[PDB]
Amino acid sequence: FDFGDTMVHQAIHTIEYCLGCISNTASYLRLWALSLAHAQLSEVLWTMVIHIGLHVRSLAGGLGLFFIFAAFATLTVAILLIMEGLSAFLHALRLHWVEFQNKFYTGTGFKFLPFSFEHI
Amino acid sequence: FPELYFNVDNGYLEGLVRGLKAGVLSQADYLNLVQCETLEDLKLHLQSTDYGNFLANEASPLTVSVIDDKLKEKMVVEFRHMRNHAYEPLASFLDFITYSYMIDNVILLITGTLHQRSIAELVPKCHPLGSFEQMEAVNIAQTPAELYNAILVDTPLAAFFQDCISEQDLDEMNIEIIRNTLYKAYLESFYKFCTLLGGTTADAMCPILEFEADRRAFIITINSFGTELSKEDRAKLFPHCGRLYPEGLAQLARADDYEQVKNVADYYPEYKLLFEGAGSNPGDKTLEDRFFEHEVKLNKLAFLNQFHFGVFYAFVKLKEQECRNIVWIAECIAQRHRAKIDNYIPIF
Amino acid sequence: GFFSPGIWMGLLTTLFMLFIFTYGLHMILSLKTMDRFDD
Amino acid sequence: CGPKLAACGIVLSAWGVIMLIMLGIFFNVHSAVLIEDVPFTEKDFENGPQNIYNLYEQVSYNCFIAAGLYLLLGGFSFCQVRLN
Amino acid sequence: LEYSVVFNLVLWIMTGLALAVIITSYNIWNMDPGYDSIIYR
Amino acid sequence: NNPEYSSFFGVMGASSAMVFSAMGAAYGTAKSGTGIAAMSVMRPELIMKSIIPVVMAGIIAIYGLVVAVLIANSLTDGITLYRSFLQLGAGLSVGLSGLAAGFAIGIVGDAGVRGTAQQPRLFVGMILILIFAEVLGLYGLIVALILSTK
Amino acid sequence: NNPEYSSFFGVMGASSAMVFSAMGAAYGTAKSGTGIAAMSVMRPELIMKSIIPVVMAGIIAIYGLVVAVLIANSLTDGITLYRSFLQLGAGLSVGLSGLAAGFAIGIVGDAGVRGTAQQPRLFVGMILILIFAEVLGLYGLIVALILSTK
Amino acid sequence: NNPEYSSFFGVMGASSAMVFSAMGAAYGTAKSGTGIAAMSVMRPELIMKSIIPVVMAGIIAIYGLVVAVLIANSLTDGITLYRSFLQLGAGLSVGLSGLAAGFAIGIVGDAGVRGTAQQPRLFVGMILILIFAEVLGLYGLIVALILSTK
Amino acid sequence: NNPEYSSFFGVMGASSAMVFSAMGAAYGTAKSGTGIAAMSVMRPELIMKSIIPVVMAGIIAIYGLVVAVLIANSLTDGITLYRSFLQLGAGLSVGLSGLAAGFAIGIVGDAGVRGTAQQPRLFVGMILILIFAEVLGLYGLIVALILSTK
Amino acid sequence: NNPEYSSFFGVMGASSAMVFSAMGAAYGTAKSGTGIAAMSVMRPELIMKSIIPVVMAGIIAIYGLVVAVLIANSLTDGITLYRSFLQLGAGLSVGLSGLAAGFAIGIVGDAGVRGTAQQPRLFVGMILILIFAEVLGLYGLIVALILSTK
Amino acid sequence: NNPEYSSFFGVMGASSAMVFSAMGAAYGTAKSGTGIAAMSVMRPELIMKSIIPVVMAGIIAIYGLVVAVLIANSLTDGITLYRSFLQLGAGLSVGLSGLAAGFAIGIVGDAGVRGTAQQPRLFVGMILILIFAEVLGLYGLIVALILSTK
Amino acid sequence: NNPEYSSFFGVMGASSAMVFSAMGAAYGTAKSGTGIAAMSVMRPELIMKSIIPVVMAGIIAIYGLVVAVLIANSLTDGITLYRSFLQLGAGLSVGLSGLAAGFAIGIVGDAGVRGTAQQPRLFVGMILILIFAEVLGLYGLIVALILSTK
Amino acid sequence: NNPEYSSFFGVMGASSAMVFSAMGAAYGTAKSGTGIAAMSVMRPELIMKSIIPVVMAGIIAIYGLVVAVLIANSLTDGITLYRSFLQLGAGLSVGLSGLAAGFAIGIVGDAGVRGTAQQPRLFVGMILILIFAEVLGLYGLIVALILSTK
Amino acid sequence: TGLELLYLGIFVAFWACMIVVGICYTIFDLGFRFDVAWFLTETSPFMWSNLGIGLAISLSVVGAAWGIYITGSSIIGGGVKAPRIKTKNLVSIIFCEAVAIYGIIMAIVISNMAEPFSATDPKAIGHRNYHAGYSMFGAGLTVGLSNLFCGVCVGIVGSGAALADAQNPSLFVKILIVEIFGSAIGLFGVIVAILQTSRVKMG
C-alpha cells in the first residue's frame, strides 16, 4: 500500500463531499428551474395558438379550433412531451448518478454475462 | 470575406491559371490520342492543343522517355512562371506546393551522401519543381551530418526537420521512413496554413488535404503488411489531418490485413465506395487507380469557386496527372499493349 | 461641456476622414513586391 | 393515407376530444380562471353577467364542435388503420 | 469656458500619442530578428 | 419621486439573464453537438449517451430564464432604482456566469465526447467534469437570487 | 407627462426582435444549407430529411416576428417610459436569444447533416440536439412575451 | 409643434432600409453569381435553373426599396418625433433583415448551385432552403410596414 | 444624504466577484477537461486522479460566489458611496484574481495531465504547481474580504 | 458674423483633395511600377508602351491638385460655413474618388502589364479598362469643380 | 478678435509637414535600401546608379522640411484661426502627400532595383516611374506653399 | 495671466522628443544589432565596420535628447500656451521624425550588413543609404530647434 | 490656491517611471533569457558572460526605480499643477525610454547571445551594441531628472 | 492581421467608453447633458448636406473602382489564354461605370438643390432647412453606399463571367443576367435618393 495515494483518494473523496455540501445542495434547484420552464412553455404554447380558434361565434371558431388545436398538440408534444420530458429524464438520472449515489454506490465491477442462445 | 483582398494581389494569377485550366485534354481529346499507332502520330495530335511544339527542336526517333521529359518541361515552366509572378500570400502558398517535391529531392541528397556520392551528380535527377536557390549543401556534400546542417541553413525544409528528425535520426532511419516522416510534418503544416487562410481557401483545400492525409494512411497501411514496420511506426507516419484522425487512424495502425483496412473505410462512405470499387483483380481498376481517380474528382472542385488558392494546388496536381496520363497512353501505344490503354484518369 | 459646435463638427469630419485615410493606408500598406524574377 | 396518418389521427382524435370536452365543461360551469380565453369586449361589462355567460356558451360550442371534428377524424382513422 | 477645447486637445493629443506609442511599441515588440543561419539550431 | 430611467437597469437585468445565458447554452450546444456529430461516424452506440453536454448546456438557458422571469415579474414603474441595480447585478451574475459555464460545457462536451469514442471508460469522467462546468451557471443563479431579492 | 423621445427604446425593441432573429435564422440557414448542399452529392436520399435545421432557423425568425409585431402593435405616441424599456427588453431578449439559437442551429445543423451522411443513426441525435438549440429562441420568446405584456 | 430636427431619424430609416438591403442584395447576388458562373463551365445548361438565388437577392432589394419609398413619402419637415422613430425602426428592421436574408441567400445560393451541378437532385431542396433565406426579408418587410404605417 | 446611484458600484462588485471567477473557473475547467479527454485514450486509469485541476477550477468559482454573497448581504439603498467602492474593489479583486488563477489552472492542467500520462512522476510536481496557481484566487479573496469589511 | 472656426472645413477640403489623390496616385504608381519591373525582365521592349497606367495614376494626383488649388484660392478669413462646406464636399468628392480610381488603376495596371507581356493583343483592352478607371477620377473632379465654383 | 489656442493647429501643420514627410522618406529609403542591398550581392556595379530611389526619398523629406520651416518662420502669438488652419492644411498636405509619394518611391525603388539587376533596360523606365512617384511630394509642396501663403 | 494646464503640452513635447526618439534609436539598434549578430556567423572581421548602423541609430537618440533638454529647460509656471504648443510641436517633430529615421536605419542597416557579408563592395552604398536615413532625424531636429525657440 | 485632481498627474508619473521600466526590463529579460537557455545547449561555458543583456535590462528597471522614488519623495499635498505635469513628463520619459531600451536589449540580446555561441569573436561587438541600447534608458533618465527637478 | 487588431482595438475601446459614458450620464442624473437635440441642431445643415454630396460621389466611385478592378484583373488574366475575352466582357465594366454615373447624376441633383440661409439660430433656421440638410445627407449617403455595394457586386460577378467565358465562349451571354440584377441595386440607390431629396428647399 501507499500512504501518498491513500491521502490522494481520501482527500479527493473528502473534498468532493465538503464542496458537494455546497454545490450538490444547490443542485436540486434544477427541479425548480425546469419546472418553471415547463410551465412557461406550456402557457406560451397555449396563448400563441389556441386563441386563434376562440372566435366570437360557434361555427366560425369551432372549425378553425380543430386545425389550431392540432398545431398546438404537435408543438406541445415535440417541445414538452418529447424534449422537456427527455430533459427531466436525463437530469433526474444525473441526480441519481452523482448527488444521490456518490454517498454510497462505488459503481465499479464487471457486468455479469450469462451465456445463452438468446444472444443469437 | 475573400473579395475584400483577393483580387488586389491575385486577380491576374487567377485569370492566368484558369486560362491554363481551359488548356487541358478533355475525355474527347484522350479518345483521339488512344486511337493512333506511333509516337509520330502522338506528336501530331498533341501539336493541335496547348502542348504545341513541346517536341520541336528534338530527335526524329522519339522515345516515351523524351515525351515524358517534354510534358513535364511544359508543366514546370508554367509553374515557375506563376511563382515568379505571385505576391507573398499566394507565393507562400505556391511554395507549399513545391515542398512536396523538395522532400523527394532531399531524399536523393541524403541517399547519395549516405553512399558518399557527390551531390553535383544528383542535381540533373532532381525534380524541377523542387530545385533549390541556395546551393552550399549541394557544393559541400562531405558527410550526412554536414549536409544536415547545410539543409537547416540553406533549405526552406529546415523547420520540418526540427519538428520530427534530428541528425542522429537521419543516421539510423531508412530513407523511406524519412520521406514519409518529412511528408507527415509537411501535410499537417500545409493543412494548418490552409486553415489559417480561412473561408474559400480553407473550404477548397481542406477536402483535398484531408483526403491526402487519409490516402497516405490507407496506402501506407496496406503496403506495410509485408514489412519490418511496427504498429508504432505506422502510427508515427499517418498524417493527423484526415477524417480518420479521431479513431480510424489508430484502427489502421492496429490493422494487419486488407479486410481490417476495409473495416475502417466502411465508416466513411466515400472510402467505402473506393474500396468496393476496386478488388484489384485481373482487368479491374486497382485501389491505387481509385485514389488517383478520386483525387482528380476533388481537384475538379477547385475551379467551382472564384477567389481562393485551391485552384493553384489542384492545377499542379491535375497537370501532373495529365503528364502521367499521356505517358501511360504513350507506353500502351509504343508497346502495343492496348488492353490497358483506357486506364488514364479523365481530368478536366 | 466636453464638446462645443466647432469641436463636435470638427470630430464628425475628422473621425470620418481619418477612417477614409485608414482605408487608404490599409491599401497602401498592403503594397508588396515579388521576391523573384524570370530568367 | 397509409398507416402513419391513421395512427396520427387516432392519437390526435383521443387527446383532442379529452381536452376539448374538459374545456367545454369548464366553460359551461363559468369557472373564473377561463376569462382570458373568452373574446369579450368593453360593452360586455354592461348590465351584468348575462353577456359573458352567452360568450361562455359560444366558446363552449367552439370546443364541442372542434371535438366533433376529432371524433370524425377518429372514425375515419380507425377505418384507415385497418384498410392500409 | 473653453473646457471642451482643453478636453479635446488633451484627449485627441493623448489618443494620438497613445496610439503612436502603442503601434510603435507593437512594431518593435514583434519584429522578426531573422537570424536564419542559427535560428534552426 | 424615484428616477424615470430606473426600470431600464431592471429590464437589462431580465434581458441579460436570458440573452447571455442563451449565448452560453448556444455555444455549449454548438461545440458539443459538433463533437457528437463527428464521434457518431464510427460509434452508432454512443450517440444517445453523448447528449449529456447538450442537455446540460440547456440548463444554463433555464437558469437564465429563472432569473429573467424572476426579475421581469418583479418590475414596476415605481422601482426604487436600488432594486433596479440589484436586478442588473442579478441578471449579469447569472447571465455572464452562464456564458462562462456554457464555454466550459462546450469545450468539455466536445473533447469528452471525442475521448469517449476512443475510450468508453471516459463517460463517467465526462459527466464529472461537466458538473464542474455546469455549476458555474448555478453559482450565478444563487448570486442572482440573492441580489434579486435583497 | 412622458418624454417625446420615449418611444425610441420601444421601437428599438420591435426592430431588434426582428433584426437579431433574422441574423440568427440567416446564419442558421446559411451554415446548415452549406452542409446540406455538401452532403447531397454523396446522399441524394437525405435531402428532404436534412431540411429540419433550416426549418428551425425559419422558426427563430418567427419568434423575432412574433415579438416585433407584438411590440409594434403596443407602441403609441405617448407611451410611458417604463413600458418603452420593457419593450426594448422584450426585443433584445427574443432577438439576441434568437441569434444564439440560430448559431446553435447553424453549427449543429452543418455538423449533424455531414455526420448523418456518414452515419444514418445520427439523425435521431441531430433532431434532439437541434430542439435543444431551437428552444433557446423559445426561452427568449418567453421572457420577451413576459416583458412586453407586464 | 414637432421638434426642429425631428425628420433626421426617419431619414436614416429610409437610408438604412436601402443601404442594408443593398448590402444584403449585393452579397446575395455577388456570392450567388460567383457560384453560378464558376459552376456553369462544368454544367452549361444549369445557368437558367441556377439564376433563382439571384432573383431571391433581387426580391430582398425590392423589400428595402418598398419600405424606403414608404418612409420617404411619409416624411415631411412637420413630422412628429414618434413617427420619425417608427420610420427609423422600419428602416433598420427591413434593412438588417434584408441583410440577414441576403447573407443567407448568398451562402445557400452558392453552395446550392455548386452542389446541384454535381448532383442535379439537389435542385428541389435548393429551392426550399432559398425560400427559408428569402422569407427573412419578408418578415423584415412585415415588421417594417407595421411600424412605418402606424 | 447618500446619492441614489451609490448601490451601482456595489452590485457591480457582486457581479464582478461572481462573473470573473466563473470565467476563470470555466477556462480552467475547459482546458484541463480537454487535457483529460485527450489523455484518457492512452492512460484510462488516470481520469480519477486527473480531476484535481478541474476541482481547483471549480473552487475559483466558489471564491467568487463567497465574495458576491458577502457583498450582496452588505448592500442597502442608503449605502454610503465609500462602502460601494469598497465592494467594487473587493469584487474586481477576487473576480479578476480568480480569472488569473483560472487561466493558470487551465494551462497547467492541460500540460500537467498530458505530461503525467507519459510520465507518472510529474503528478507530485503538478499538484504543487496547481497549488501555486489556485492560491491567486485565495489572495484575491483575502484582499476582497479585507476591502469589503473596511 | 461667421464663426471663428468657419474656414477650417474648406481648408480640410483643399488638403483632402491633394492628400487622398496623392494616396490614390501613389498606390497606382507603386502597383504599376512593380508590374513594370517584373515584366521588363522578360519583355524589355514593352516598358515604353507599359508606362501608361503609371502616367494615368500620375493624372489622378493632378485631379487632386486642380481642386486643391481651386479651393485654396477660394479661401478667406470671413468665409461663410456654406462656401466652407461646399469646399469640404469638393475635397472628398475629388479626394476619395481619386483614392478609389487610383486603386483600380494600380491593380488593373499590375494585371495589364503582366498580361501584355504574354499577349500583345491585351494592350488596347488594358487601356480601355484603365480609361474607365480614369473617368472615375473625372467623376470626382467634375463635381468638386462644380461645388468649389458654387 | 483673436482667440487663445490658435497656434496649436498651425504648429500641428509644421509638425505634420515634417513628420509624415519623414515617414514617407523613411519608408522610401527602407524599401529602396532593402532592394539595393539584396540586389548588390549579384551586381555591385549597380549600387551607385541604384541610389536614385533613396535620393528621391530624401527629397520628400526636404519638401517636408521646407513646409515645416516656412510654417515655423510664420507662426506668431495671437495668430488668427484662419492663418493657423491654413498652416495645418499646408502641413498635412505636404506631409501626407509626401507619405504617399514615399510609399511609391519605396515600392518602385525595391521592384525597379531588384528588376534592373536582372535586366539593365529597366533603368530608364524606373527613373521615369520614380519621377511620377516623386512628383506627388512636389504636389504636396505646391498646395502647402499655396495654403501657407494665404 | 496665462493658464494652468499650459505646461502640459510643452511637457508632452519633452516626452515625445525623448520617447519617440528612443523608440526610433531602439528599433534602429534592435534591427541592426540582430543583423550584425546573424552576419558574424559567416564573417569574423566585419563586426567593427558593421557597427555603424547602430552608431547612427545612437545618434537618433541624441537628437531626441537635445530637443527634450531644450524643451525641459524652457518651461515655467507662467508660460503662455503659444510657447507651449511650439514646444509640443518641436517634441513631436523631432520625436516622430527621429522615429521615422530609426525605422529606416534599422531596415537599411540590417539589409546593408547582410549584403556586405556576401559582398564587401556594398559597405560604401550602405553608408550612403544610411546617411539618407539618418538625415531624417536631422530634419526633425532642425524643425524642432526652430519651433522650440520661435 | 492650487486645484485638487492635480497631484494625480505627478502620481501617474511616479508609477509610470517604475511600470514602464519594469516592462522594459521584463521584455529585455524574457528574450535574453530565451536566448541564453537556447544557446547553453551547445556552449555551457558562455552563460556567465552571456548574462550581460539581462544585467543591462536590470539596469533599465533601476532607472525606473530612481525616477519613481525621486517623484515619490518630491510629491506633497496640493503640489502646484505645473510640477505635477513635469513629474508626469519625467515618469513617461524614463518609463517609455526604458521600455524602448528594453525592446532593443531584448532583440540584440536574443540575437547576440545566439550569434556569440556560433561566433566567439562576437561577444565584444555584442557589448558595444548593447551599450547603445542601455544608454537609451540613461537618456530617458537624464531628461526625467531634469523635468522632475525643474 | 495588424490593422484588423488596430481597428478592433479602437472599436472595442470606443464602445467600452460609450457603455460607461451612457451608464454614467444615466446614473449620475445627467440626462440634461447627452443632449442629442443639441447635436442635431447646432451641427450645421450644410455639413450634413455636404457629407451627403461628397459620399454620394465618392462611395459610388469606390464601388465602381472595386467593380473595375475585380472584373478588369480577371479580363486581363483570362485574356492571355483567351483573347476573345477583352471585348465582350467589357460590358461588366460599363455597368461598374454606370454605378459611378448613378453617383454623379444623383450628387449633381442634390448639389444643384443647395442654397445659403442667412440665419444661425435653430428657431430661425427652422424645420424646412433642417429637413433639407438631413434629407440631402440621407439621400447622398443612400446613393453612395448603395452604389458602393452595387459596384462591388457587379465587379465580383463580372470576374464571374470573364473567368467562365475564358473556358467556354457561350457562357457569357447567359451569365450576363446576374450583372443586370447587380446593376439594379445602384439604380434602386438612385430612385430612393431622388425620393429622399424630392421635397426639400433651403432658405
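Residues numbered from 1 in each chain as written, not as in the entry; some residues may be left out. Chains lettered and ligands numbered in written order. Part of a larger assembly, values for the part shown. Heavy atoms only, no water.

For the rest of this paragraph, the subject is the overall build of chain B. In terms of helices and strands, chain B carries 17 helices and 0 strands. Its C-alpha atoms give chain B a radius of gyration of 21 Å, within 12% of the compact-globule value 20 Å for 348 residues. In terms of its C-alpha atoms, chain B occupies a principal-axis envelope of roughly 55 × 50 × 50 Å. For chain B, the proportion of its 348 residues judged to be buried stands at 54%. In chain B, the share of contacts with a sequence separation of at least 24, taken over all contacts with a separation of at least 6, comes to 63%. Of the roughly 15200 Å² of accessible surface on chain B, a fraction of 49% belongs to carbon and sulfur atoms. Chain B carries 32 positive and 51 negative side-chain charges, and their two centres are separated by 4 Å. (Helix = DSSP H or I, 4+ residues; strand = E, 2+ residues; numbered from the N terminus. Rg over C-alpha atoms; globule rule 2.2 N^0.38 Å. Buried < 20%, exposed > 50% of the residue type's maximum accessible area, 1.4 Å probe, protein only. Contact = heavy atoms within 4.5 Å. Areas by Shrake-Rupley, 256 points an atom, 1.4 Å probe, with all protein chains shown as cover. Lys, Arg positive; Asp, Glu negative; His and termini not counted. Charge placed at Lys NZ, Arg CZ, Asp CG, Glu CD.)

On the chain F side, the residues contacting the 41 residues of chain I number 38 residues. For the pair chain I and chain F, the summed buried surface comes to about 3100 Å²; carbon and sulfur atoms form 83% of the total. Across the contact surface, chain I and chain F share 0 salt bridges. The tally of links between chain I and chain F comes to 3 residue pairs in polar contact. For the side of chain I that touches chain F, the elements supplying multiple residues, two or more each, are α1 (7-40) and α2 (47-74) of chain I. (Buried area = accessible area lost by both parts, 1.4 Å probe. Salt bridge = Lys/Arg side-chain N within 4 Å of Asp/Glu carboxyl O. Polar contact = N/O pair within 3.5 Å; in protein donor to acceptor, adjacent residues only side chain to side chain.)

A few words on the side chain of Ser74(M). With respect to the helices and strands, the residue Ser74(M) is situated in helix α3 (residues 52-74). Not counting residues within four places of it along the chain, the set of residues in contact with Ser74(M) comprises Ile79(M), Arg83(M) and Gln87(M).

Next up on the list: the nonpolar core. By size, the foremost hydrophobic cluster in this structure holds 701 residues, and its most contacted members are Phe93(B), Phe161(B), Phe218(B), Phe312(B), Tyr139(G) and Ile68(N). When near neighbours in sequence (up to four residues on either side) are disregarded, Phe218(B) contacts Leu244(B), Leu252(B), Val261(B), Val264(B), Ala265(B), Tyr271(B), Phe275(B) and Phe291(B). In terms of nonpolar packing, the next biggest core, distinct from the first, is built from 28 residues, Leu39(B), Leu46(B), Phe54(B) and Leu71(B) among them. (Core = buried A, V, L, I, M, F, W, Y, C linked by side-chain atoms within 4.5 Å.)

Attention shifts here to the UniProt feature "transmembrane region" (unreviewed entry) in chain D. All names here are of chain D. Using the residue numbers shown here, the UniProt feature "transmembrane region" (unreviewed entry) corresponds to residues 6-27 and 59-83. With 100% helix and 0% strand, residues 6-27 has its two end C-alpha atoms placed 31 Å apart. Helix makes up 100% of residues 59-83 and strand 0%. Its end C-alpha atoms lie 36 Å apart. (UniProt positions renumbered as here; feature names shortened; annotations may be inferred.)

If you look at the interface, chain E gives 18 residues, while chain L gives 21 residues. When the two sides are added together, the surface that chain E and chain L hide from each other amounts to roughly 1500 Å², 81% of it contributed by carbon and sulfur. Taken as a group, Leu17(E), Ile28(E) and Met31(E) account for 28% of the area that chain E buries against chain L, more than any other trio of residues on that side. Counting across the interface, chain E meets chain L through 0 salt bridges. Put simply, chain E and chain L have 2 residue pairs in polar contact between them. Counting residues per element, the side of chain E that touches chain L draws most heavily on helix α1 (residues 3-29) of chain E, which supplies 12 residues.

This next bit is on the side chain of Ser16(M). Residue and element names in this part refer to chain M. Looking at where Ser16 falls in the secondary structure, it is placed in helix α1 (residues 7-40). Its relative accessible area of 10% is what places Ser16 among the buried residues. A polar contact of 2.7 Å, which involves the side chain of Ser16, links it to the backbone oxygen of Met12. Discounting residues that sit within four places of it in the chain, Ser16 has contacts with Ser21, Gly91, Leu92 and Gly95.

Residue and element names in this part refer to chain B. At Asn57, a position not held by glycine, the phi torsion is positive, near 55°. Note that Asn57 resides in the loop between α3 (39-46) and α4 (64-85). Backbone geometry at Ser280 places phi at a positive 60°, although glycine is not the residue there. As for its position among the elements, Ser280 is in the loop between α15 (269-276) and α16 (287-299). For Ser280, a relative accessible area of 34% corresponds to the partly exposed category.

Below, the discussion takes up the packing of aromatic side chains. What the rule picks out here adds up to 88 aromatic pairs over all chains. Here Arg216(B) stacks its cationic end above the ring of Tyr183(B), 3.9 Å away from the centre of that ring. (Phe/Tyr/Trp six-rings, centres within 6.5 Å; stacked < 30°, edge-to-face > 60°. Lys NZ or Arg CZ within 6 Å of the ring centre and 35° of its normal.)

Residues and elements named next belong to chain N. With respect to the element layout, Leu148 can be found in helix α6 (residues 122-165). By relative accessible area, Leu148 is classed as buried at 17%. Along the chain, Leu148 and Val62 lie 86 residues apart, while their C-alpha atoms are 6.1 Å from each other. Leave out the neighbours within four places in its chain, and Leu148 touches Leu59, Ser60, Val62 and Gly63.

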